[PDB]
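Visitor: for now just these chains, pulled out of the complex without moving them:
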Amino acid sequence: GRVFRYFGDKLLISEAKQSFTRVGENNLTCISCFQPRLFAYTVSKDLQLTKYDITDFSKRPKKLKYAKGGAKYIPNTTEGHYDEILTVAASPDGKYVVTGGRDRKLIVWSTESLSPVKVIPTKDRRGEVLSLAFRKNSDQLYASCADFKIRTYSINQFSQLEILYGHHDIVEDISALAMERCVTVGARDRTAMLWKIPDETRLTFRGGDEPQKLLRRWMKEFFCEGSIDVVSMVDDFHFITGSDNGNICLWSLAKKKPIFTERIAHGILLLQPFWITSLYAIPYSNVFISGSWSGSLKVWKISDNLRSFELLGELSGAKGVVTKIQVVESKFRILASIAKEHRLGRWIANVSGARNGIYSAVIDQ
Amino acid sequence: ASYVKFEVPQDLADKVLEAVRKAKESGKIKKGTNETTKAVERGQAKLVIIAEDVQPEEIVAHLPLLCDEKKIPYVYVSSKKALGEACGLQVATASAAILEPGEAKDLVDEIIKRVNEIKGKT
């Protein structure tokens, strides 16, 4: 279960085909893609869940069906959303799509009819759902929540399996592959945590390095980190994080500190760095994609020795706040949800080219 | 930002937000810039908490000046949404005040003494 996909150098990024598709909704917060006919699912603060056919890389995402929630659904076990949907994940088997958000509910819908087949409450008055991730090739779902807990589920049992404890702030983002494990990030706790579910153990990785101290040890020959916001797993032994100081860090499970750091990865604009608001490592490959609100999607390549990563290129048609990135293949198709606002309501001054919809990029070789 | 007088490390910023929550529960707080103002003008406030992302900066700019006259310590946090949501509100707040710490006395006393150190003093 390690990195074996080396197509980073092959990618024809400079000649990528770019498109954008407007939606009549406000503020996409997440996008989830299904891969065996390929599908995408989008959720919005406007309480809309939408399904797209994305199998034809020649044409933009084709809208198939939608379901909108609303005030009607105030109780929390009703089969509809009544507060901001923050996250969406498509089940690996093609049968289910599950949503969650500020109304402290998981709602699992059938992909067939886009109808709610099960509603599973978190049962906590602070348990907002912030992020979802299925274990790959499984029905096991992991939901990171705002009450500092990660909840696990068996989706074809429609039940809650257990609860994981460790974080000391909201668990903003969570990533999982094929193993029965997951990575989470705790925002202001400035930790990433690796949960080995069957071993009942957990690794803890710490950021939040004092700049004066960093400078002090750099003189042996920058920007304050206040939150680690995003995370993505590249293989069963490595992962990447993104912070609100622009840092993209590569971590190995064996090391306490990051094995590599690219500081202010999306630049600045006395000095303020662009946050990393999106991060997706395509599983077991040497490429990952990063997003902010700086107007482009940065594609990076990891070294074959896994000790560094480097800038492959930029996808510059991606104006707006990138809230989520997914990658599908047949040819790579990058899909990214673009909003005028940050998923969680963090305040963003002047977003250039603010807009609502889905960015697509098709890359060859 | 320019109305921010000194640098607050995130550990302290989190210990402040904590201090405020316990003070909602067990003591008395004031929430909002006007109410915080009155709390300083009246000398009731023990600690004043100012957000760093106020959007016209000048809205809270008077607080450092006012707190120094009345000799009430003040501290910064990075998010106004985070301070308000600490405060027991579902909306943002630009500044807040702790009037009686209750079950946070120990926690506050450590803050008013860390902000002294990273200010000068001894």
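Guide: Sure, I can see it. Numbering: from 1, shown residues only, chains lettered A, B, ... in the order given.
Visitor: would you tell me which residues of the stretch 251-365 of chain A are close to chain B?
Guide: By the rule CB under 8 Å from any CB of the partner chain, the part of the stretch 251-365 of chain A lying against chain B is A:345-347, A:349. For the C-beta atoms, the positions are set from N, CA and C on the backbone; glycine is no exception.
Visitor: closest to residue B:30 among the residues you listed?
Guide: residue A:347 (23.0 Å; CB to CB).
Visitor: the closest one contacts residue B:81, correct?
Guide: Yes. With contact defined as CB atoms under 8 Å, residue A:347 reaches residue B:81; the gap is 6.9 Å.
Visitor: run a quick neighbour tally on the residue nearest to residue B:38 when sequence neighbours are not counted.
Guide: Distances taken as CB to CB, 6 or more residues apart in numbering or on different chains place residue B:30 nearest to residue B:38, at 7.5 Å, with adjacent residues excluded. Neighbourhood size, residue B:30 [other CB atoms under 10 Å in any protein chain shown]: 22.
Visitor: buried set for the helix or strand harbouring residue B:30?
Guide: Element membership of residue B:30, judged by DSSP states H and E, is strand B:28-31. Counting neighbours by 16 or more other CB atoms under 10 Å in any protein chain shown, one finds that the buried residues in strand B:28-31 are B:29-31.
Visitor: that older thread, more neighbours: residue A:347 and residue B:81, which one.
Guide: Neighbour count, other CB under 10 Å: between residue A:347 and residue B:81, residue B:81 has more, with 18 against 12.
Visitor: in terms of helices and strands, where is that one?
Guide: Per DSSP H and E: residue B:81 is located in helix B:80-86.
Visitor: number of residues surrounding residue A:113?
Guide: For residue A:113, the neighbour count with other CB under 10 Å is 10.
Visitor: let me know the secondary structure of it.
Guide: Put simply, residue A:113 is coil when judged by DSSP: H, G, I helix; E, B strand; the rest coil.
Visitor: if I look at it, how far off is chain B?
Guide: 34 Å (CB to the nearest CB, to the nearest Å).
Visitor: tell me the phi and psi of that residue?
Guide: phi -110, psi 0 (degrees, to the nearest 10).
Visitor: repeat that for residue B:92.
Guide: Per degrees, to the nearest 10, the backbone of residue B:92 is at phi -70, psi 160.
Visitor: now do it against residue A:333, distance only.
Guide: Relative to residue A:333, residue B:92 is positioned 38 Å away (CB to CB, to the nearest Å).
Visitor: which residues sit in contact with the closest residue to chain A within chain B?
Guide: Across chain B, no residue is closer to chain A than residue B:10, which sits at 4.9 Å (CB to the nearest CB). Each residue near residue B:10 by CB atoms under 8 Å, 6 or more residues apart in numbering or on different chains is listed here: A:188, A:190, A:208, A:224-226, B:78.
Visitor: run through who's touching the longest strand anywhere in chain A.
Guide: Under DSSP state E, the strand in chain A containing the largest number of residues is strand A:12-22. For strand A:12-22, contacts defined as CB under 8 Å, 6+ apart pick out A:60-61, A:299, A:312-315, A:317-318, A:338, A:355-365.
Visitor: what about 7 Å?
Guide: With contacts defined as CB atoms under 7 Å, 6 or more residues apart in numbering or on different chains, strand A:12-22 is touched by A:60-61, A:299, A:312-313, A:315, A:317, A:356-365.
Visitor: and then RNA strand C:
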RNA sequence: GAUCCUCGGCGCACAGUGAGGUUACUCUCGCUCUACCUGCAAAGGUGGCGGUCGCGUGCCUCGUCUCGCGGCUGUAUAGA
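Guide: Placed with the earlier chains, RNA strand C looks like this:
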């Protein structure tokens, strides 16, 4: 110097707290027709073109494809 009281007439902007509450458009690009007629436009119908089944039907290759006919029918890849 006025008091103040009444009335009358004529105004009703000031005292504390704190997060509750409340998809559409615009612009570009292109985007199934066509002959005819019934027809003043418009509107209607026929034709085109296609596609459809039954069937016949041309191969020193008689596979498949060619071709047409009867029924009917109108539906392209689809969006940027």
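Visitor: now with RNA strand C: the contacts of strand A:12-22?
Guide: With contact meaning CB under 7 Å, 6+ apart, strand A:12-22 is reached by A:60-61, A:299, A:312-313, A:315, A:317, A:356-365.
Visitor: if we can go back for a sec, quick one: is the following helix or strand past the helix holding residue B:81 near RNA strand C?
Guide: Counting by DSSP H and E, the next helix or strand C-terminal to helix B:80-86 is strand B:95-100. No. If you take CB under 7 Å from any atom of the strand as the test, strand B:95-100 misses RNA strand C, and the best it gets is 8.3 Å.
Visitor: residues of the lengthiest helix in chain B that come out buried?
Guide: Once chain B is assigned using DSSP state H, the helix that runs over the most residues is helix B:10-26. In terms of neighbour count (16+ other CB under 10 Å), helix B:10-26 has its buried residues at B:10, B:12-17, B:19-24.
Visitor: so which residues on chain B come close to RNA strand C?
Guide: Neighbours of RNA strand C within chain B, by CB under 7 Å from any atom of the strand: B:29-32, B:34-35, B:38-39, B:84, B:87-91, B:93.
Visitor: report the two of these separated the most.
Guide: Largest separation among the residues of chain B next to RNA strand C by CB to CB: B:38 and B:90, giving 23.1 Å.
Visitor: next, give phi and psi for residue 111.
Guide: You didn't say which chain, so I picked chain A. According to degrees, to the nearest 10, residue A:111 has phi -70, psi -20.
Visitor: you looked at the wrong chain, it should be chain B
Guide: Main-chain torsions, residue B:111, degrees, to the nearest 10: phi -70, psi -50.
Visitor: what is the neighbour count of it?
Guide: Here the count is done by other CB under 10 Å, and residue B:111 has 22 residues near it.
Visitor: what's the answer for residue A:137, then?
Guide: Neighbour count for residue A:137, taken as other CB under 10 Å: 10.
Visitor: for the longest strand of chain A, the distance to its chain's centre please.
Guide: Distance, stretch centre to chain centre, for strand A:12-22: 20 Å (CA atoms, centre = their mean, to the nearest Å).
Visitor: buried residues in it?
Guide: Buried positions in strand A:12-22, judged by neighbour count with 16+ other CB under 10 Å: A:13, A:16, A:20-21.
Visitor: quote the end-to-end distance of stretch A:203-210.
Guide: One end of stretch A:203-210 to the other measures 22 Å (CA to CA, to the nearest Å).
Visitor: same question for stretch A:97-114.
Guide: End-to-end distance for stretch A:97-114, by CA to CA: 8 Å.
Visitor: is there proximity between that stretch and RNA strand C?
Guide: No. Stretch A:97-114 is not in contact with RNA strand C by CB under 7 Å from any atom of the strand; minimum separation 9.9 Å.
Visitor: circling back to that earlier point, pick out whichever of residue B:38 and residue B:90 has more residues nearby.
Guide: residue B:38 (14 against 8).
Visitor: hmm, back to that, report the buried members of the contacts of strand A:12-22.
Guide: Buried subset of those (neighbour count, 16+ other CB under 10 Å): A:60-61, A:299, A:312-313, A:315, A:317, A:356-363.
Visitor: any idea which residue sits dead centre in chain B?
Guide: What sits nearest the mean C-alpha location of chain B, by CA atoms, centre = their mean, is residue B:49, with 1.1 Å.
Visitor: what separation do you get for the residue lying closest to that one once chain neighbours are set aside and residue A:289?
Guide: Nearest-residue entry for residue B:49: residue B:96, 4.8 Å, with adjacent residues in sequence omitted and distances by CB to CB, 6+ apart. Remark: distance between residue B:96 and residue A:289 (CB to CB) = 40 Å.
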